[PDB]
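K.L.:
Opening with a subset of the complex:
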Amino acid sequence: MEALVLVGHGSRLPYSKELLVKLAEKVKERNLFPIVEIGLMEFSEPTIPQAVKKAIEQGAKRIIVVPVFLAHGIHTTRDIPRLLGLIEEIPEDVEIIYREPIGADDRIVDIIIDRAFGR
């Protein structure tokens, strides 16, 4: 009924996609969502429209799109809401729910501190 679509930037290097794939596996391992797909904005497959359609084709009416980006910017406020046709292929009786990016979350400061000490 509900699907989780994780959306990342994409790069010409492979690390960005690898990251999204790992993240999606980890959310799969938590068994919270019936359906979990990934999409990359640029340079990589699957693309955002691809991931969105793949979620509909598995029988999702409500698509939760989380932008796995640190902050808001051009990507999260123009490009992505575009590719989701939220500002200008979605069946009329399906809603895209566009969520918020990671932000300055306390857990991010925990991670930064670990990273500072090579952990």
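P.N.:
Nice, thanks for sending it over. Residues are numbered from 1 along each chain as shown, chains lettered A, B, ... in the order given.
K.L.:
all strands for chain A, in order.
P.N.:
Along chain A, counting by DSSP state E, strands occupy A:2-8, A:35-40, A:62-67, A:95-98.
K.L.:
Output those strands in TSV; the columns should cover mean neighbour count and distance to residue A:18.
P.N.:
All C-beta atoms are positioned from the backbone trio N, CA, C, and that covers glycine. What follows is the strands of chain A, written out as TSV (neighbours: other C-beta atoms under 10 Å; distance: least, C-beta to C-beta, whole Å):
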stretch	mean neighbour count	distance to residue A:18
strand A:2-8	23	10
strand A:35-40	22	11
strand A:62-67	20	18
strand A:95-98	14	24
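K.L.:
Now distance to residue A:87 too, for the ones you listed, in a markdown table please.
P.N.:
Below are those laid out as a markdown table (distance: least, C-beta to C-beta, whole Å):
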| stretch | distance to residue A:87 |
| --- | --- |
| strand A:2-8 | 16 |
| strand A:35-40 | 18 |
| strand A:62-67 | 14 |
| strand A:95-98 | 10 |
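K.L.:
So which of those is nearest residue A:81?
P.N.:
The minimum distance between residue A:81 and the strands of chain A falls on strand A:95-98, with 6.5 Å, by C-beta to C-beta.
K.L.:
What are the contacting residues of the closest one?
P.N.:
A:52, A:61, A:62, A:63, A:64, A:65, A:67, A:80, A:81, A:84, A:86, A:90 (C-beta atoms under 8 Å, 6 or more residues apart in numbering).
K.L.:
Chain B comes next; put it on the structure above:
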Amino acid sequence: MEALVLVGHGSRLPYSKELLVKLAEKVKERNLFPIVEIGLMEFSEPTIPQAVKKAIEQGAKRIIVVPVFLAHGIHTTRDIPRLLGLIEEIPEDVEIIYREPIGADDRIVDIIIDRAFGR
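P.N.:
The block that follows adds chain B to the chains above:
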């Protein structure tokens, strides 16, 4: 003796810089590092060389640079190691320690899950 320099992407929008500023305040509030500075790779001040120099000028011999980026890519493997002159400046007796990005950390999946439910 040691300084923490947090480095982010930077944006034509202000949100990226706001994020780094908030993150740096939160690490300041944990009282772990004598010195804590921020730098943006593009279109914002302070820049990476700026932040690095500001840390030396406050008496740091060892500069911990943490790239606040989700994954490796062009930015973390070319641009930043360049701007830090690690590939192609800095006092002989000062070491830059270039740390690892955020990666597919379990806490990132926690954050994604919260973000999926609007929390």
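K.L.:
where along chain A do the helices fall?
P.N.:
Secondary structure of chain A (DSSP state H): helices at A:15-28, A:48-56, A:74, A:80-83, A:106-116.
K.L.:
Adding mean neighbour count as columns, could you present those helices in JSON lines?
P.N.:
Listed next are the helices of chain A as JSON lines, based on neighbours: other C-beta atoms under 10 Å in any protein chain shown:
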{"stretch": "helix A:15-28", "mean neighbour count": "19"}
{"stretch": "helix A:48-56", "mean neighbour count": "20"}
{"stretch": "helix A:74", "mean neighbour count": "13"}
{"stretch": "helix A:80-83", "mean neighbour count": "17"}
{"stretch": "helix A:106-116", "mean neighbour count": "18"}
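K.L.:
In contact with the nearest residue to residue A:50 once chain neighbours are set aside: list those residues for me.
P.N.:
With sequence-adjacent residues excluded and distances taken as C-beta to C-beta, 6 or more residues apart in numbering or on different chains, residue A:50 is closest to residue A:39, at 6.3 Å. For residue A:39, the contacting residues are A:5, A:6, A:7, A:8, A:46, A:47, A:48, A:49, A:50, A:51, A:52, by C-beta atoms under 8 Å, 6 or more residues apart in numbering or on different chains.
K.L.:
before we move on, the earlier item: any chance of CSV for the helices of chain A, columns distance to residue B:97?
P.N.:
Below are those laid out as CSV (distance: least, C-beta to C-beta, whole Å):
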stretch, distance to residue B:97
helix A:15-28, 21
helix A:48-56, 36
helix A:74, 31
helix A:80-83, 34
helix A:106-116, 9
